[PDB]
**Q** 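Okay, here's the structure, questions in a sec.
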Amino acid sequence: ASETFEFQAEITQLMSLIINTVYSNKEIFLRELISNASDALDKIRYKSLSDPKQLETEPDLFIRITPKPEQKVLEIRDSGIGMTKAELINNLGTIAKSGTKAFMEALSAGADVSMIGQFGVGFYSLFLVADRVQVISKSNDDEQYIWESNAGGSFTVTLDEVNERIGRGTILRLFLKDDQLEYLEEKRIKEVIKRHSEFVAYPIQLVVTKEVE
């Protein structure tokens, strides 16, 4: 059984603005999600300084990008600290985020949408290219859960009994908009990554499915 929660009003407002904006540089979403993945990895690494056992659930620290053409899905995975059920609810929707309103006010004044990360709400930039998202996460402190949103005022959280087991970490499964399928292409993904992420300390793995000649 899934549980439904209401987003903090300002977040709903932000998602509506982002999912509908005709901003030209939509590729910035990848930079923001890679940045968030890197931060999550930094967190588990730092925590492991005094609790080495924390890494055992998934010894490899990585960021992985997996296009799923048939499903028109793009997944961004990391083996970071992950989020418990409580953290998914709090961090992604119910708790008011400091820069949410501030960012929208900046946008109204003319700020570039690319500044979203500096306001601490870069996660929501995913709606530039997707109309739905499932955040699948596994924290060492809880079971695996699925947080889902379609930019609407409510989101759901469900105990995960349908996706692959992740040792520890988070998967952002983006359901791409019909006109943003270019982000399923290896060449396109590679150029975007190489452009806004040169100083990422973790390996960025691209999973490519090729037909054997």
Side-chain angles (χ1 to χ4, degrees), residues 7-8 10-11 14-15 18-19 23 25-48 58 60-67 73-94 96-100 102-103 112-130 132-142 144-149 151 155 157 166-176 183 189 192-207:
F7 272 106
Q8 200 280 319
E10 287 68 9
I11 303 181
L14 179 60
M15 294 188 291
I18 298 298
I19 198 171
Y23 179 67
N25 313 134
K26 296 179 176 238
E27 70 184 54
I28 63 172
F29 82 96
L30 195 52
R31 177 186 193 177
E32 295 309 321
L33 302 187
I34 287 177
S35 181
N36 284 6
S38 182
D39 294 339
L41 283 157
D42 286 347
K43 298 298 193 249
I44 191 62
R45 277 205 302 133
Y46 189 96
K47 186 171 196 167
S48 73
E58 174 52 83
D60 294 327
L61 301 177
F62 59 90
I63 296 177
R64 182 177 301 156
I65 309 300
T66 308
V73 156
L74 178 65
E75 293 182 357
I76 299 83
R77 175 180 182 180
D78 65 69
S79 47
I81 188 167
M83 292 175 276
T84 64
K85 179 185 182 186
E87 297 178 313
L88 287 166
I89 295 169
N90 181 54
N91 295 6
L92 303 179
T94 63
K97 300 171 170 60
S98 176
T100 309
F103 179 58
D112 194 274
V113 177
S114 65
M115 282 192 83
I116 192 169
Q118 295 178 67
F119 285 83
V121 291
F123 166 78
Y124 301 100
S125 67
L126 66 85
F127 286 113
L128 289 169
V129 302
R132 178 188 170 199
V133 57
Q134 281 177 1
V135 172
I136 304 160
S137 196
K138 177 66 177 66
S139 161
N140 288 338
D141 300 344
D142 206 351
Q144 189 165 307
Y145 280 87
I146 306 159
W147 175 98
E148 182 163 33
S149 171
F155 64 86
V157 175
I166 58 175
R168 182 197 62 249
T170 303
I171 294 174
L172 262 62
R173 177 179 289 159
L174 312 184
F175 293 80
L176 304 176
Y183 295 111
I189 297 172
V192 174
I193 296 175
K194 295 185 178 62
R195 181 157 42 199
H196 304 281
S197 301
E198 155 179 42
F199 297 106
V200 177
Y202 309 98
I204 299 177
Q205 315 171 328
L206 179 59
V207 179

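We number each residue from 1, following the sequence as shown.
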**Q** Got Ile76 and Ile171 here, is their nearest side-chain heavy-atom distance under 4.5 Å?
**A**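 No - every pair of side-chain heavy atoms lies 4.5 Å or more apart.
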**Q** Apply side chain to side chain contact (heavy atoms under 4.5 Å, CB included) to residues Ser114 and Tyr23 and explain how you reach the verdict.
**A** CA-CA 10 Å; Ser114 65; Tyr23 179 67; 3.8 Å; yes
**Q** Could you tell me which residues satisfy side-chain contact (heavy atoms from CB on, under 4.5 Å) with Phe62, sequence neighbours excluded, listed by chain and number?
**A** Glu58, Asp60, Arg64, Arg77, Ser79, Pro203, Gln205
**Q** Heavy atoms only: give me the nearest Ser149-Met15 pair and the separation to one decimal.
**A** OG-SD, 4.0 Å
**Q** So which atom in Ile63 and which in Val200 form the shortest heavy-atom distance, rounded to 0.1 Å?
**A** CD1-CG1, 3.9 Å
**Q** For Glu75 and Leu174, indicate whether the former's side chain and the latter's backbone hold a donor-acceptor pair under 3.5 Å.
**A** no
**Q** Before you tell me yes or no, could you show the steps for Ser137 and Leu88 under side chain to side chain contact (heavy atoms under 4.5 Å, CB included), namely the whole-Å CA-CA distance, both residues' side-chain angles and the distance that decides it to 0.1 Å?
**A** CA-CA 8 Å; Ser137 196; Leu88 287 166; 4.1 Å; yes
**Q** I want to check something: taking the side chain as every heavy atom from C-beta on, are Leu14 and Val121 in contact at a cut-off of under 4.5 Å?
**A**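 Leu14 reaches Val121 side chain to side chain.
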**Q** Would you indicate whether the side-chain heavy atoms of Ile146 and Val135 approach each other to under 4.5 Å?
**A** no
**Q** Tell me the closest heavy-atom pair linking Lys138 and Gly167, and the distance in Å.
**A** CG-O, 3.7 Å
**Q** Search all heavy atoms of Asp78 against all heavy atoms of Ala40 and return the closest pair with its distance.
**A** OD1-CB, 4.0 Å
**Q** Would you say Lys97 and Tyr124 make side-chain contact, with heavy atoms under 4.5 Å?
**A** yes
**Q** Kindly assign one of parallel, tilted or perpendicular to the pair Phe29 and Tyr183, based on the angle between their ring planes and the thresholds 30° and 60°.
**A**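 Judged by the thresholds at 30° and 60°, the geometry between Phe29 and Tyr183 is perpendicular.
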**Q** What's the spacing between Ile204 CD1 and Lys194 NZ if we round to 0.5 Å?
**A**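 Reported to 0.5 Å precision, the distance equals 9.5 Å.
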**Q** Quick one: are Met83 and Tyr145 in side-chain contact, heavy atoms under 4.5 Å?
**A**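 No, their side chains stay 4.5 Å or more apart.
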**Q** Only one of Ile89, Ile136, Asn91, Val133 passes side chain to side chain contact (heavy atoms under 4.5 Å, CB included) with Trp147; say which it is.
**A**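 Going through the options one by one, the only one that passes is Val133.
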**Q** Residues two or more places apart in sequence or in another chain: which of them pass ring pair (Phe, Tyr, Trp, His ring centres under 6.0 Å) with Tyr202?
**A**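 Partners of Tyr202 by the ring pair (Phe, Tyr, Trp, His ring centres under 6.0 Å) criterion come out as none, since no residue qualifies.
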**Q** Holding to side-chain contact (heavy atoms from CB on, under 4.5 Å), I want the full list of residues that pass it with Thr84, two or more places apart in sequence or in another chain.
**A**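 side-chain contact (heavy atoms from CB on, under 4.5 Å) list for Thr84, sorted by chain: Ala86, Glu87, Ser139, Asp141, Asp142.
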**Q** Residues in ring pair (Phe, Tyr, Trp, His ring centres under 6.0 Å) with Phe127, at least two apart?
**A**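 With neighbours one apart ignored, the set is empty.
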**Q** What is the minimum heavy-atom distance between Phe155 and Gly93, and which atoms define it?
**A**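 Smallest interatomic distance, heavy atoms only, reads CE2-CA, 3.7 Å.
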**Q** Restricting to salt bridge (charged side-chain N to carboxylate O under 4.0 Å, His left out), what partner residues turn up for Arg195, sequence neighbours left out?
**A**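 Partners of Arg195 under the salt bridge (charged side-chain N to carboxylate O under 4.0 Å, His left out) test: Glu27, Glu191.
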**Q** Between CD1 of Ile34 and CD1 of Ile65, what distance do you get to the nearest 0.5 Å?
**A** 5.0 Å
**Q** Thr170 and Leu172: which non-hydrogen atoms are nearest, and at how many Å?
**A** CG2-CD1, 3.7 Å
**Q** Should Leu74 and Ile189 count as side-chain neighbours, where that means a heavy-atom distance under 4.5 Å?
**A**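 In short, these two side chains touch, coming nearer than 4.5 Å.
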**Q** Look up atom CD1 in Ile81 and atom NZ in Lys43, then write down how far apart they are to the nearest 0.5 Å.
**A**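 If we round to the nearest 0.5 Å, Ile81:CD1 and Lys43:NZ are 8.5 Å apart.
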**Q** Check side-chain contact (heavy atoms from CB on, under 4.5 Å) between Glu32 and all other residues, then give those that pass, not counting sequence neighbours.
**A**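 Result, side-chain contact (heavy atoms from CB on, under 4.5 Å) vs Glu32: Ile116, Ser125.
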**Q** Nearest 0.5 angstrom please: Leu206 CG to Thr66 OG1, how far?
**A**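 Between atom CG of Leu206 and atom OG1 of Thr66 there are 7.5 Å.
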**Q** Is there a side-chain contact between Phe7 and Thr94 in this structure, where contact means two heavy atoms from C-beta onward sitting under 4.5 Å apart?
**A** no
**Q** Within the structure provided, determine whether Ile44 and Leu61 are in side-chain contact (heavy-atom separation under 4.5 Å).
**A** yes
**Q** Take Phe103 and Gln118, measure what side chain to side chain contact (heavy atoms under 4.5 Å, CB included) needs, and give me the verdict at the end.
**A** CA-CA 9 Å; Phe103 179 58; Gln118 295 178 67; over 6 Å; no
